[PDB]
Amino acid sequence: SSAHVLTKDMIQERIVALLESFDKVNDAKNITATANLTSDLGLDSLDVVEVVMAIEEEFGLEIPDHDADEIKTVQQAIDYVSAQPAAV
Amino acid sequence: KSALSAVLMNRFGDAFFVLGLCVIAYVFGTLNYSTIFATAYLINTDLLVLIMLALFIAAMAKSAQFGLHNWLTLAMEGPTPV
Amino acid sequence: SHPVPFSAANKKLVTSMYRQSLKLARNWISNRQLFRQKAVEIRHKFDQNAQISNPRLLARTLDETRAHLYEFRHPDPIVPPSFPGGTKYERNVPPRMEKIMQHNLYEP
Amino acid sequence: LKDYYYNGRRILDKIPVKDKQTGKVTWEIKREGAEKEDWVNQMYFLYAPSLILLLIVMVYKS
Amino acid sequence: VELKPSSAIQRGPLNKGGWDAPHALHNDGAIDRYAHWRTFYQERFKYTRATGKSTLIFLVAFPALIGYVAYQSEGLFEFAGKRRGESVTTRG
Amino acid sequence: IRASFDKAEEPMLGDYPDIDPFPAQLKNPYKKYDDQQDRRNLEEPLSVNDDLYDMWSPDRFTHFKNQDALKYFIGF
Ligand SMILES: CCCCCCCCCCCCCCCCCC(=O)OC[C@H](COP(=O)(O)OCCN)OC(=O)CCCCCCCCCCCCCCCCC
Ligand SMILES: CCCCCCCCCCCCO[C@H]1O[C@H](CO)[C@@H](O[C@H]2O[C@@H](CO)[C@H](O)[C@H](O)[C@@H]2O)[C@H](O)[C@H]1O
């Protein structure tokens, strides 16, 4: 019935779409796995929070502070979402 | 913990039910319906009020009336067919 | 105390406050548009005060936001079901595949 | 003999079974029978039937 | 004669002969200390304004209440088969 | 916070530690504990009334302080 499985490529697609549809990004084709949120994507000290909340909403998760602050790279977010069995 | 809530909040009512059974066996001398409902129109109102208050507190536990309602929402921890 | 206005501790604190406010807005508000409105307004209130320099007024403002978060708490917050406060959390835990440790020389 | 038997039975998880024709016995795995405890013949054939008899007697003395 | 035990007595150690089974429990220490405290509470108990309250409640007042009720309700009630208008009490 | 029943047992603790009880229900669920269900690490000291402050104890409610809750209940 619930025939659905997550994969790293799928997480990457959903996260890069999430970042593409965020207006406060610098602009597109800065968004890759190696991208940094502060330096490359040009995000403030609260747009990272908005991104982490959006990732929570997207993959059906709850990211505490000690695991939220240490997300500073897109690959880090992908690693994190793939390290949660309930990532939807 | 929800199951414990249910079982103990209902054994409250079962204690009051046991009291009602003792009163019925004392007053009527029997627990069978055919005698109790044949005689009930003759017995002192105070004893029947005791009996039915106890049995109603039992029903107040099982039917989730207000004073003993706390287990019914906690019982939704069980599966939906339950 | 010494709440430095542009340090990492202040960054953690204010990011946590922003997360808490947005989650409270999600939990209280049923409609999506009004929730986004409130989130944008909260971001506006944080951006107005992102420029503070004096640590005294800063500490006052932080205490004020603490009081606002305590005032608009939610009793039944949204948590995903598989996560600790959830409906599915410790439902069917896979058992630890341990071997039998014997206790008697004669009894299996 | 008893202690050797049971210490092997616990440490190795094997009982010794001499098979039919070859005259050599070695520790084996097969534990779905061929082993009985020393309290079984007492209880299951003196104690259980006596309690069944007590039930019968109670029922027919009622 | 130096008074010493008999040289004929050959002695050896006490061996209870149990099979030392593996470690099935990992003792915690904090739990064991909590358990020792809660089991041998009796040797540390002291009479204070909190403990004497519970003593003079449960060993003086509550038995006195139950006893007053029991000795007043001794042969008061007899309501087997009682009927409308008939008094269920034997006394006033 | 130590309650009445907790700081009444001060004259009886002796060499046992006087620990500030904090219920496990309110402890942070997202940290990693050795017993994640009970929210306890192995050698963690236990209060004298730990039976009351463990996860199998009755539930606490954080939103309303208990006296205000009684006001609202009996008011309704
Ligand atoms: C103080 C001395 C009392 C002496 C007289 C006896 C009075 C009644 C018994 C009370 C005694 C104290 C009981 C303490 C047992 C607690 C044991 C325990 O740990 O189980 C906890 C369990 C609830 O677990 P919980 O935290 O709620 O988890 C919920 C998440 N599912 O909790 C439970 O399951 C609760 C089970 C007990 C239910 C008691 C209900 C009483 C309510 C009365 C309402 C009034 C109704 C009107 C009655 C009219 C009478 C004339
Ligand atoms: C917290 C620890 C301290 C509390 C401990 C409490 C223990 C109880 C001690 C109180 C003893 C007083 O007990 C009291 O009872 C008897 C009767 O019961 C009284 O004496 C009465 O006895 C009756 C017979 O029952 C006589 O015939 C007569 O009527 C008299 O008036 C005494 O005046 C007194 O002895």
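Residues numbered from 1 in each chain as written, not as in the entry; some residues may be left out. Chains lettered and ligands numbered in written order. Part of a larger assembly, values for the part shown. Heavy atoms only, no water.

Method information in the entry identifies cryo-EM as the source of the structure, with 2.7 Å recorded as the resolution.

### What about the overall build of chain D?
What chain D contains, in helices and strands, is 2 helices and 2 strands. For chain D, the sequential pattern of α-helices and β-strands runs α-β-β-α. By the compact-globule yardstick of 11 Å for 62 residues, chain D is too spread out, its C-alpha radius of gyration being 20 Å. Projected onto the principal axes, the alpha-carbon positions of chain D cover approximately 60 × 25 × 20 Å. Put simply, 6% of the contacts in chain D that link residues at least 6 apart link residues at least 24 apart. If you sum the accessible surface of chain D, you get close to 5,900 Å²; carbon and sulfur atoms cover 62% of it. Across chain D, the 11 positively charged side chains and the 8 negatively charged ones have centroids separated by 4 Å. (Helix = DSSP H or I, 4+ residues; strand = E, 2+ residues; numbered from the N terminus. Rg over C-alpha atoms; globule rule 2.2 N^0.38 Å. Contact = heavy atoms within 4.5 Å. Areas by Shrake-Rupley, 256 points an atom, 1.4 Å probe, with all protein chains shown as cover. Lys, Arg positive; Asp, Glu negative; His and termini not counted. Charge placed at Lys NZ, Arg CZ, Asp CG, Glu CD.)

### Remarks on the overall build of chain A
In terms of helices and strands, chain A carries 4 helices and 0 strands. Counting helices and strands in the order they occur from the N terminus, chain A gives α-α-α-α. Scaling as 2.2 N^0.38, a compact globule of 88 residues should have a C-alpha radius of gyration of about 12 Å, and chain A matches this with 13 Å. Counting only C-alpha atoms, chain A reaches 40 × 30 × 20 Å along its principal axes. A buried classification covers 41% of the 88 residues belonging to chain A. Contacts in chain A between residues far apart in sequence, at least 24 positions, make up 51% of those at least 6 positions apart. On chain A, roughly 4,800 Å² of surface is accessible, and the fraction owed to carbon and sulfur atoms is 48%. Treating the 5 positive side-chain charges of chain A as one cloud and the 18 negative ones as another, the clouds have centres 5 Å apart. (Buried < 20%, exposed > 50% of the residue type's maximum accessible area, 1.4 Å probe, protein only.)

### Details of the interface of chain D and chain C
Taken residue by residue, the interface counts 6 residues in chain D and 6 residues in chain C. Summing both sides of the interface, chain D and chain C together bury roughly 550 Å²; the carbon and sulfur share of this comes to 57%. By the criterion of area lost to chain C, the three top residues of chain D are D:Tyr6, D:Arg9 and D:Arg10, representing 70% of everything that side buries. Taken together, the connections running from chain D to chain C amount to 0 salt bridges. Grouping the constituent residues of the side of chain D that touches chain C by class yields 1 nonpolar, 1 polar and 4 charged. (Buried area = accessible area lost by both parts, 1.4 Å probe. Salt bridge = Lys/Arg side-chain N within 4 Å of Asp/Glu carboxyl O. Nonpolar A, V, L, I, M, F, W, Y, C, P; charged D, E, K, R; others polar.)

### Looking at the interface of chain C and chain A
The partner chain A presents 21 residues to the 17 residues of chain C that form the contact. For the pairing of chain C and chain A, the buried interface totals around 1,600 Å² over both sides, and the portion due to carbon and sulfur atoms is 58%. Counting every contact that joins chain C to chain A gives 8 salt bridges. Between A:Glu50 and C:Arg43 there is a salt bridge; the shortest N-O distance is 3.2 Å. On the surface where chain C and chain A come into contact, there are 10 residue pairs in polar contact. At the level of elements, α1 (8-28) and α2 (32-48) of chain C are the ones that each hand at least two residues to the side of chain C that touches chain A. A per-element tally of the side of chain C that touches chain A places α1(C) first, with 9 residues. (Polar contact = N/O pair within 3.5 Å; in protein donor to acceptor, adjacent residues only side chain to side chain.)

### Regarding the arrangement of the chains
When the 9 pairs of chains in contact are ranked by number of contacts, first place goes to chains A and C. Note that chain B does not reach chain D: the shortest distance linking a C-alpha of one to a C-alpha of the other is 22 Å.

### Quick word on the packing of helix α1 (residues 2-27) of chain B against helix α3 (residues 45-62) of chain B
Residue and element names in this part refer to chain B. Where α1 meets α3, the closest approach of the two axes is 8 Å, and the angle between their N-to-C directions is 155°. Put simply, α1 runs roughly antiparallel to α3. As α1 packs across α3, the resulting crossing turns out to be left-handed. Within the contact between the two elements, α1 uses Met-9, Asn-10, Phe-12, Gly-13, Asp-14, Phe-16, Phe-17, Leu-19, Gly-20, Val-23, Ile-24 and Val-27 and α3 uses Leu-47, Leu-50, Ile-51, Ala-54, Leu-55, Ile-57, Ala-58, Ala-61 and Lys-62. Of the residues contributing to the contact of α1 with α3, the split by class is 16 nonpolar, 3 polar and 2 charged. (Axes fitted to C-alpha atoms, helices over the stretch in contact; angles between N-to-C directions. Parallel < 35°, antiparallel > 145°, perpendicular 65-115°, else oblique. Left-handed = near helix turned anticlockwise from the far one by under 90°.)

### Let's talk about the site of ligand 1
Residues in close proximity to ligand 1 include B:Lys1, B:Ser2, B:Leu4, B:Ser5, B:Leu8, B:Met9, B:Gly67, B:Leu74, F:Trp56, F:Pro58 and F:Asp59, which together make up its full environment. Looking at what sits near ligand 1, you find residues from chains B and F. For ligand 1, an oxygen atom lies 3.4 Å from a polar atom in the backbone of B:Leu4. Interatomic distance of 2.8 Å between a backbone N/O atom of F:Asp59 and an oxygen atom of ligand 1. When the free accessible area of ligand 1 is taken as 1,200 Å², the share hidden by the protein chains comes to 43%. Considering only residue class, the shell around ligand 1 consists of 6 nonpolar, 3 polar and 2 charged. (Near = heavy atom within 4 Å.)

### Looking at the nonpolar core
In summary, soluble globular proteins display a tendency toward joint burial of nonpolar side chains. By size, the foremost hydrophobic cluster in this structure holds 27 residues, and its most contacted members are A:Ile15, A:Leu41 and A:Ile55. Those elements that provide at least two residues to this core are α1 (8-20), α2 (47-59) and α4 (74-82) of chain A. When neighbours within four sequence positions are excluded, A:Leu41 is seen to be in contact with A:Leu19, A:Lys24, A:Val25, A:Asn26, A:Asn30, A:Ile31, A:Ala35 and A:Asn36. Core analysis: the next-biggest nonpolar cluster, separate from the first, contains 16 residues, A:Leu46, C:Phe35, C:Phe46 and C:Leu62 among them. (Core = buried A, V, L, I, M, F, W, Y, C linked by side-chain atoms within 4.5 Å.)

### Considerations on a nonpolar patch on the surface
On the surface, a cluster of nonpolar side chains totalling about 900 Å² of accessible area is made up of D:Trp39, D:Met43, D:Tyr44, D:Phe45, D:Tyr47, D:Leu51, D:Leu54 and D:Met58. With respect to the helices, strands and loops of the structure, D:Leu54 is situated in helix α2 (residues 40-61). (Patch = residues over 30% accessible without salt bridge, like charges linked within 9 Å, V, L, I, M, F, W, Y side chains within 5 Å.)

### Some words on the pattern of salt bridges
Should the charged atoms of two oppositely charged side chains come close, the side chains can pair. Applying the stated criterion across every chain, the model contains 25 salt bridges over all chains. Among the salt bridges present, the one from A:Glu57 reaches C:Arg32, with a minimum N-O distance of 3.2 Å. Taken together, the residues A:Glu57 in helix α2 and C:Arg32 in helix α2 connect one chain to another. For C:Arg32, a relative accessible area of 43% gives the class partly exposed. Put simply, A:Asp65 and C:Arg19 hold a salt bridge, and the shortest N to O gap is 3.2 Å. Separated into two different chains, A:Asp65 in helix α3 (residues 65-68) and C:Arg19 in helix α1 make up a pair that spans both. Given a relative accessible area of 5%, C:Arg19 falls into the buried group.

### Some thoughts on the pairing of strand β1 (residues 15-18) of chain D
By the bridge criterion, 4 bridges tie β1(D) to strand β2 (residues 25-28) of chain D in an arrangement that is antiparallel. Bridging across to β2(D), D:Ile15 finds its partner in D:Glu28. (Pairing = 2+ DSSP bridges.)

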